[PDB]
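Structure 1 and structure 2, given next as structure tokens, are two forms of the same protein chain, each shown alone.
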Structure 1
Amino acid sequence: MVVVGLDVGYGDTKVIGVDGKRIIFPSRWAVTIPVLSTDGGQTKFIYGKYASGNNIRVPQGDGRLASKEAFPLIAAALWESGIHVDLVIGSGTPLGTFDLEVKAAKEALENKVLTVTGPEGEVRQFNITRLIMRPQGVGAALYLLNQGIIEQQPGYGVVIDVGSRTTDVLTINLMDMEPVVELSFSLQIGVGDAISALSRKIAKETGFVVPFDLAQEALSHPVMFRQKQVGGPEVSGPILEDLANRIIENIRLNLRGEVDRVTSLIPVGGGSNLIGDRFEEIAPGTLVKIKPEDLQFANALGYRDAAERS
């Protein structure tokens, strides 16, 4: 058994390979720097950073592995995973739809054989034995439980997963690491919002259209496109505080009175890299320390862990 843990998110796909190497390609694949192929040859796509264009595929849901917008990424994951196989895949999808979405994922990948072709004519064949699935938010909880960054006890943990499109909050009861369904939800407010809050912002003062990835970067660090130096953090406050507040307010709205049973607050996901610390005020000195580099990967890391435990 090779074990991979995989997290195909609207923005980035995240994968954890052999001896826990961390692959991660932007979640986008257009048909035509590897061309790969699930059809043996007939068909062929670029993925990741090197797909630019108009007829460009993307995920239309978080954690939707049975989706036809997802396959070429999964395929592309098992590529960069580094099998020198018989793999188990550990993954997640949000709690709201957790059950349906597990079902499709098993139909589309359990006991099936993804056959795939890259440069200089190379076949690789993964037989997928099983699919372990855990809700998004739980993946990240475990991994931190395994690392001792959190521990079991009385009270409730709140994993706040800042994503690219959605912010995904999962209230978990520490006694038993079981999610509290009624106290668990998804905002449709992510990082893009801060991004576009910026691309938009540029032209409405500067002049041209500032494209995706400079815009992404610009949230955390300054930029240049056409010898034009647009972007930077002291500007970026007025955005990310709103992004942050919107997220925060919306959490008080959902959680309420029940914000008193909260012992740990657990910023996770890529965006906690900008507005993470800002989340203390929901319930202060319940924050839980996590290495910046571990934030986009807490879930995948935990989906794989889960995979081994069985």
Structure 2
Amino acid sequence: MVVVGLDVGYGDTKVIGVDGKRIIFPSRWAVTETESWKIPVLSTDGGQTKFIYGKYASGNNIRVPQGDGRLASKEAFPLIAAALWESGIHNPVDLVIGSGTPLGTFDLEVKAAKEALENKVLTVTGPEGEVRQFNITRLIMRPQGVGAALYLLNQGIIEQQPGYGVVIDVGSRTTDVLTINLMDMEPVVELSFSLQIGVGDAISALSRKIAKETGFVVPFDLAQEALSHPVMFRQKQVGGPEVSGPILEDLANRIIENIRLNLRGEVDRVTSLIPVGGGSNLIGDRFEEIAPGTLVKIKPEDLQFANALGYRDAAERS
């Protein structure tokens, strides 16, 4: 009855709610033993266990997903609860959730997700002891990358034709490459794959470089900032584009080389190259060299949300 799009990324969790409102928050949570409920405290078991999530999850013992689209995992469950809480959708609300997961283990993760989530009543307790209840009636799933391609098609940004779309999703830990046949919008399994490299490799490389030069061990979140602009750490300015530039080009070069090897001659069928994910803000333009003239640049208002918008579209059309 209420349809929502949900995308639980390794990095960030995105929600498409009612009337096109969007939510995004960091895929992070931490258990709290406070008796308390700006900083919401939630529980899915009536207070036996409580947690804080998003930008407030702090300290030690922060929990994060093992990867993108791991909706059946223990690490994902508090984030799913938090997503539904943040949506503000309220009543026991009957939901259809449109979501997705990487193609390589699509059938396995879809089966697990349905078992974990479908026909379950989720009861979330929050501030002031308020309870919100959600009846998950149906979970509709599409491969990561297909969500984005379907959204772009619906928006008129790409068009069905002979040839392939290649969606390159640069995340923190992995790069998910989904090749789609534009004749029917179906994935080409032989040309779709997951590279174990992402922005975190650039962040680690910049951290090592800072440490080698200054002795400082910069926190991860600060090093990520230092990719785009110089930062202060222990009363010294470190990083920024002069330093991050060559490391980011190296990341791009490795992805491009691996895509070329995997696509081989089929690159000649590529008519649209579609960089998505957080990493594409940093290096997306570089992917044009795989197939000059085919680059589709997603509006910034949409890069982090493109899959979630497609997932929601697919559930609606159910």
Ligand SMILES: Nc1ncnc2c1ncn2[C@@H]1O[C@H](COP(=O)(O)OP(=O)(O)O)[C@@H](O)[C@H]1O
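Whichever C-alpha set is largest while still superposing within 1.5 Å between the two forms counts as the rigid core. Each residue is numbered by where it sits in the sequence of structure 1, with counting from 1.
Please match the form deposited with this ligand bound to structure 1 or structure 2.
Looking at both copies of the chain, structure 1 is the one that matches the description.
Once you align the rigid core, which of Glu205, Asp99, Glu122, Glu182 turns out to move its Cα at least 2 Å between the two structures?
It is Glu205.
Using a superposition on the rigid core, decide whether the Cα position of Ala108 changes by 2 angstroms or more between the two structures.
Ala108: C-alpha displaced by less than 2 Å between the two structures.
Tell me, please, whether between the two structures the C-alpha of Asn173 is shifted by 2 Å or more, with the rigid core used for superposition.
No, shifts by less than 2 Å.
Can we say the CA of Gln152 moves by at least 2 Å between the two structures when the core is superposed?
No, the C-alpha position differs by under 2 Å between the two structures.
Would you look up how far the C-alpha of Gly163 moves between the two structures when the rigid core is overlaid, in angstrom?
That residue's C-alpha sits 1.0 Å away in the other form.
What is the magnitude, in angstrom, of the C-alpha shift at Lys289 between the two structures when the rigid core serves as the superposition reference?
Shift of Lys289 at C-alpha, rigid core superposed: 3.1 Å.
Once the rigid core is matched, what's the CA displacement of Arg226 between the two structures in angstrom?
Superposing on the rigid core gives a C-alpha shift of 4.5 Å for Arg226.
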